[PDB]
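Shown below: data_22.cif, with mmCIF, N, CA and C atoms.
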data_upload
#
loop_
_atom_site.label_atom_id
_atom_site.label_comp_id
_atom_site.auth_asym_id
_atom_site.auth_seq_id
_atom_site.Cartn_x
_atom_site.Cartn_y
_atom_site.Cartn_z
N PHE T 347 26.10 31.26 98.92
CA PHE T 347 26.11 32.57 98.28
C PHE T 347 24.68 32.98 98.01
N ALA T 348 24.28 34.12 98.55
CA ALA T 348 22.93 34.62 98.35
C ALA T 348 22.72 35.01 96.89
N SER T 349 21.51 35.45 96.57
CA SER T 349 21.14 35.84 95.22
C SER T 349 21.29 37.35 95.05
N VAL T 350 21.08 37.81 93.81
CA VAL T 350 21.44 39.18 93.45
C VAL T 350 20.54 40.23 94.09
N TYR T 351 19.31 39.89 94.44
CA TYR T 351 18.39 40.87 95.02
C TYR T 351 18.34 40.80 96.54
N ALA T 352 19.04 39.85 97.16
CA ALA T 352 19.17 39.77 98.61
C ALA T 352 20.62 39.47 98.97
N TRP T 353 21.54 40.22 98.36
CA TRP T 353 22.97 40.02 98.57
C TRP T 353 23.34 40.18 100.04
N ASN T 354 24.38 39.47 100.46
CA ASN T 354 24.79 39.51 101.85
C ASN T 354 26.04 40.37 102.02
N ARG T 355 26.01 41.20 103.06
CA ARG T 355 27.08 42.15 103.36
C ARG T 355 27.74 41.75 104.67
N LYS T 356 29.05 41.56 104.64
CA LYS T 356 29.82 41.32 105.85
C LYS T 356 30.79 42.48 106.06
N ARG T 357 30.78 43.04 107.26
CA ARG T 357 31.66 44.13 107.62
C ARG T 357 32.97 43.59 108.17
N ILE T 358 34.08 44.09 107.64
CA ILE T 358 35.42 43.71 108.07
C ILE T 358 36.05 44.88 108.80
N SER T 359 36.74 44.57 109.90
CA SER T 359 37.30 45.55 110.82
C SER T 359 38.34 44.87 111.69
N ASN T 360 39.17 45.70 112.34
CA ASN T 360 40.13 45.26 113.36
C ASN T 360 40.96 44.07 112.87
N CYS T 361 41.77 44.31 111.84
CA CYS T 361 42.68 43.28 111.34
C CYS T 361 43.56 43.89 110.27
N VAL T 362 44.79 43.37 110.16
CA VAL T 362 45.59 43.65 108.99
C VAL T 362 44.96 42.96 107.79
N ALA T 363 44.82 43.69 106.70
CA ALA T 363 44.25 43.15 105.47
C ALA T 363 45.37 42.91 104.48
N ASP T 364 45.70 41.65 104.24
CA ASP T 364 46.75 41.27 103.31
C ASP T 364 46.11 40.90 101.99
N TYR T 365 46.09 41.85 101.06
CA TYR T 365 45.72 41.60 99.68
C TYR T 365 46.85 40.96 98.90
N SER T 366 47.97 40.68 99.56
CA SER T 366 49.08 39.96 98.93
C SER T 366 48.76 38.49 98.75
N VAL T 367 47.94 37.94 99.64
CA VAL T 367 47.46 36.57 99.47
C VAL T 367 46.29 36.52 98.49
N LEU T 368 45.93 37.66 97.91
CA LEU T 368 44.83 37.79 96.96
C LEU T 368 45.28 38.32 95.61
N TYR T 369 46.29 39.18 95.57
CA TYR T 369 46.69 39.84 94.33
C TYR T 369 47.69 38.99 93.56
N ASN T 370 48.60 38.33 94.27
CA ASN T 370 49.48 37.33 93.66
C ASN T 370 48.80 35.97 93.53
N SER T 371 47.48 35.92 93.65
CA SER T 371 46.71 34.70 93.50
C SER T 371 45.97 34.75 92.17
N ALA T 372 46.39 33.91 91.23
CA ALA T 372 45.82 33.89 89.88
C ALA T 372 44.69 32.88 89.85
N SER T 373 43.58 33.21 90.52
CA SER T 373 42.45 32.27 90.55
C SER T 373 41.11 32.94 90.32
N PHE T 374 41.06 34.22 89.96
CA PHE T 374 39.81 34.92 89.71
C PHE T 374 39.76 35.38 88.26
N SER T 375 38.53 35.55 87.76
CA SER T 375 38.30 35.97 86.39
C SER T 375 38.31 37.47 86.19
N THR T 376 37.96 38.25 87.21
CA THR T 376 37.97 39.71 87.10
C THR T 376 38.40 40.29 88.45
N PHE T 377 39.34 41.23 88.42
CA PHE T 377 39.83 41.96 89.60
C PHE T 377 39.95 43.43 89.19
N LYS T 378 38.87 44.19 89.34
CA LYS T 378 38.80 45.56 88.84
C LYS T 378 38.61 46.53 90.00
N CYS T 379 39.62 47.34 90.27
CA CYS T 379 39.57 48.33 91.33
C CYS T 379 39.23 49.69 90.75
N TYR T 380 38.57 50.52 91.55
CA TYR T 380 38.11 51.83 91.11
C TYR T 380 38.44 52.84 92.21
N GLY T 381 39.28 53.81 91.88
CA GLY T 381 39.77 54.78 92.84
C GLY T 381 41.05 54.38 93.53
N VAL T 382 41.44 53.12 93.43
CA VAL T 382 42.67 52.61 94.02
C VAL T 382 43.36 51.75 92.97
N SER T 383 44.59 51.35 93.28
CA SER T 383 45.32 50.43 92.44
C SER T 383 45.59 49.16 93.22
N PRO T 384 45.22 47.99 92.70
CA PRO T 384 45.25 46.77 93.51
C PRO T 384 46.64 46.37 94.00
N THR T 385 47.67 47.11 93.60
CA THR T 385 49.03 46.84 94.05
C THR T 385 49.48 47.74 95.19
N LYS T 386 48.68 48.74 95.56
CA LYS T 386 49.03 49.68 96.62
C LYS T 386 48.12 49.56 97.83
N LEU T 387 47.39 48.46 97.94
CA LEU T 387 46.41 48.30 99.01
C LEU T 387 47.06 47.94 100.34
N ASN T 388 48.32 47.54 100.34
CA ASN T 388 49.02 47.19 101.56
C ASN T 388 49.74 48.38 102.19
N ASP T 389 49.69 49.55 101.56
CA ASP T 389 50.29 50.76 102.11
C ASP T 389 49.27 51.70 102.72
N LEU T 390 47.98 51.45 102.51
CA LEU T 390 46.93 52.33 102.98
C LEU T 390 46.38 51.84 104.31
N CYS T 391 45.48 52.63 104.87
CA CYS T 391 44.70 52.20 106.02
C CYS T 391 43.26 52.65 105.81
N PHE T 392 42.32 51.80 106.20
CA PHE T 392 40.91 52.04 105.92
C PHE T 392 40.12 52.07 107.21
N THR T 393 38.97 52.74 107.14
CA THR T 393 38.09 52.90 108.29
C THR T 393 37.19 51.69 108.48
N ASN T 394 36.61 51.19 107.39
CA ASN T 394 35.77 50.01 107.42
C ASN T 394 36.02 49.22 106.15
N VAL T 395 35.49 48.00 106.11
CA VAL T 395 35.39 47.25 104.86
C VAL T 395 33.98 46.68 104.75
N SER A 939 44.75 111.36 117.77
CA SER A 939 44.75 110.49 118.94
C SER A 939 43.38 110.50 119.62
N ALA A 944 40.02 108.18 109.36
CA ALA A 944 41.25 108.94 109.14
C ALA A 944 42.14 108.28 108.10
N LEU A 945 42.77 107.18 108.51
CA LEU A 945 43.76 106.49 107.69
C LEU A 945 43.17 105.33 106.91
N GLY A 946 41.89 105.40 106.54
CA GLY A 946 41.26 104.36 105.77
C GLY A 946 41.78 104.21 104.36
N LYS A 947 42.30 105.28 103.77
CA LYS A 947 42.86 105.18 102.42
C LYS A 947 44.14 104.36 102.39
N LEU A 948 44.80 104.19 103.52
CA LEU A 948 45.95 103.32 103.62
C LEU A 948 45.57 101.93 104.07
N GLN A 949 44.54 101.81 104.89
CA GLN A 949 44.06 100.51 105.33
C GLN A 949 43.37 99.76 104.21
N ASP A 950 42.80 100.46 103.24
CA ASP A 950 42.21 99.82 102.07
C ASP A 950 43.22 99.03 101.26
N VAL A 951 44.43 99.55 101.07
CA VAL A 951 45.44 98.81 100.33
C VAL A 951 45.87 97.56 101.08
N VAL A 952 46.14 97.69 102.38
CA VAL A 952 46.51 96.53 103.19
C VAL A 952 45.43 95.46 103.13
N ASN A 953 44.16 95.87 103.28
CA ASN A 953 43.07 94.91 103.29
C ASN A 953 42.88 94.24 101.93
N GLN A 954 42.92 95.00 100.84
CA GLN A 954 42.77 94.38 99.52
C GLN A 954 43.87 93.38 99.23
N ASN A 955 45.10 93.67 99.62
CA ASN A 955 46.16 92.72 99.33
C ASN A 955 46.06 91.47 100.19
N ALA A 956 45.73 91.61 101.48
CA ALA A 956 45.53 90.42 102.29
C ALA A 956 44.35 89.59 101.80
N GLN A 957 43.30 90.24 101.33
CA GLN A 957 42.13 89.54 100.83
C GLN A 957 42.43 88.80 99.54
N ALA A 958 43.40 89.26 98.76
CA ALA A 958 43.78 88.50 97.58
C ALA A 958 44.68 87.32 97.93
N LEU A 959 45.65 87.51 98.82
CA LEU A 959 46.50 86.39 99.20
C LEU A 959 45.72 85.28 99.90
N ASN A 960 44.69 85.63 100.67
CA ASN A 960 43.89 84.61 101.32
C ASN A 960 43.13 83.75 100.32
N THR A 961 42.57 84.36 99.28
CA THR A 961 41.89 83.60 98.25
C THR A 961 42.85 82.69 97.50
N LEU A 962 44.06 83.17 97.23
CA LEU A 962 45.03 82.32 96.57
C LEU A 962 45.39 81.12 97.43
N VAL A 963 45.62 81.33 98.72
CA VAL A 963 45.88 80.21 99.62
C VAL A 963 44.71 79.24 99.65
N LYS A 964 43.49 79.75 99.74
CA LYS A 964 42.35 78.87 99.95
C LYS A 964 41.95 78.10 98.71
N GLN A 965 42.32 78.54 97.53
CA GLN A 965 42.03 77.74 96.35
C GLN A 965 42.86 76.47 96.27
N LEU A 966 43.77 76.25 97.20
CA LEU A 966 44.56 75.03 97.22
C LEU A 966 43.82 73.85 97.83
N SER A 967 42.52 73.97 98.04
CA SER A 967 41.75 72.91 98.66
C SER A 967 40.49 72.61 97.86
N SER A 968 40.48 72.98 96.59
CA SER A 968 39.45 72.59 95.65
C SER A 968 39.94 71.41 94.83
N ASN A 969 39.02 70.52 94.46
CA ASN A 969 39.33 69.36 93.65
C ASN A 969 39.43 69.68 92.18
N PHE A 970 38.71 70.70 91.72
CA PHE A 970 38.60 71.01 90.30
C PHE A 970 38.16 69.79 89.51
N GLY A 971 37.39 68.92 90.14
CA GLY A 971 36.90 67.73 89.48
C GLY A 971 37.80 66.51 89.55
N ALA A 972 38.66 66.44 90.55
CA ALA A 972 39.51 65.28 90.78
C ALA A 972 38.96 64.52 91.98
N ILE A 973 39.64 63.44 92.35
CA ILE A 973 39.18 62.62 93.47
C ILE A 973 39.58 63.21 94.81
N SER A 974 40.76 63.81 94.91
CA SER A 974 41.23 64.39 96.15
C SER A 974 41.74 65.78 95.85
N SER A 975 41.81 66.60 96.89
CA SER A 975 42.42 67.91 96.79
C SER A 975 43.90 67.88 97.10
N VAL A 976 44.38 66.85 97.79
CA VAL A 976 45.78 66.71 98.16
C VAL A 976 46.44 65.76 97.18
N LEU A 977 47.59 66.17 96.65
CA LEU A 977 48.29 65.42 95.63
C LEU A 977 48.88 64.12 96.13
N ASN A 978 49.27 64.06 97.40
CA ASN A 978 49.84 62.84 97.96
C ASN A 978 48.81 61.73 98.09
N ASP A 979 47.53 62.07 98.23
CA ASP A 979 46.51 61.04 98.30
C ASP A 979 46.06 60.58 96.93
N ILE A 980 46.49 61.27 95.87
CA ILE A 980 46.36 60.70 94.54
C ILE A 980 47.57 59.85 94.23
N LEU A 981 48.75 60.31 94.65
CA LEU A 981 49.97 59.55 94.41
C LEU A 981 50.03 58.26 95.21
N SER A 982 49.45 58.23 96.40
CA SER A 982 49.62 57.07 97.26
C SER A 982 48.72 55.92 96.85
N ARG A 983 47.50 56.20 96.42
CA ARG A 983 46.55 55.15 96.08
C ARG A 983 46.19 55.15 94.60
N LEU A 984 47.14 55.51 93.74
CA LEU A 984 46.95 55.37 92.30
C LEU A 984 48.31 55.17 91.66
N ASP A 985 48.31 54.56 90.49
CA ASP A 985 49.52 54.27 89.74
C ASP A 985 49.64 55.20 88.55
N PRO A 986 50.86 55.40 88.03
CA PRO A 986 51.14 56.56 87.16
C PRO A 986 50.10 56.80 86.07
N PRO A 987 49.64 55.77 85.34
CA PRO A 987 48.71 56.05 84.24
C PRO A 987 47.42 56.74 84.66
#

Written as structure tokens, that's how I'd like the structure from this file.
Amino acid sequence: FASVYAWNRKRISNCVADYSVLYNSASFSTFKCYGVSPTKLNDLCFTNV
Amino acid sequence: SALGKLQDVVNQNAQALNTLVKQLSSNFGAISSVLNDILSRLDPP
């Protein structure tokens, strides 16, 4: 994991994104979405990640 | 083979209906202008 002033960016594309293996996973300390609701992410489609 | 006093009424009314139609695409300070894109990616609260 890089540091805060040289953070690393990975672009995600060309795949189904299952946040179901992430949202029903109780292993993170903060999961804060802005502009979306973390329970409706499997009904949308996105251009990039 | 003149009628501008009648064409003025037609034009003013069409010009008002066009503005009413076109105001349906302003956000008024929301995230989207279309209601279904607020309903689809947001929850009731």

Give me the box for stretch 951-963 of chain A as JSON, namely the centre and edge lengths in Å to one decimal of a box along x, y and z that holds every listed atom plus 3 Å on each side.
{"center_x": 44.2, "center_y": 89.4, "center_z": 99.9, "size_x": 10.6, "size_y": 26.3, "size_z": 12.7}

Between chain A and chain T, at 7 Å or less, what are the per-residue closest atom pairs and their distances in Å? Count only N, CA and C atoms, order by chain and rising residue number, and return it as CSV.
residue,atom,partner,partner_atom,distance
A:982,C,T:386,CA,6.3
A:983,C,T:383,N,4.3
A:984,CA,T:383,N,4.8
A:985,N,T:383,CA,5.5

Point to revise | Å distance separating atom CA of residue A:975 from atom CA of residue T:391, one decimal place | key: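 Interatomic distance, atom CA of residue A:975 to atom CA of residue T:391: 18.4 Å.
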
**Study point:** Target residues per the PyMOL selection byres (((chain T and resi 359-365 and name CA) around 8) and name CA), formatted as a ChimeraX atom specification
**Key:** /T:357-358,366-369,387-388,393-395

Study note, to complete from the structure: Taken to one decimal, the atom CA of residue A:971-atom N of residue A:955 distance is 29.0 Å

Check your understanding: So which bits of chain T end up alpha helix (DSSP H) when you DSSP the backbone, as JSON, numbers by chain?
Key -> {"T": [366, 367, 368, 369]}

Practice item. May I ask for the distance between atom N of residue A:987 and atom C of residue T:373, given in Å to one decimal place? Key: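 Answer for the atom N of residue A:987 to atom C of residue T:373 separation: 24.9 Å.
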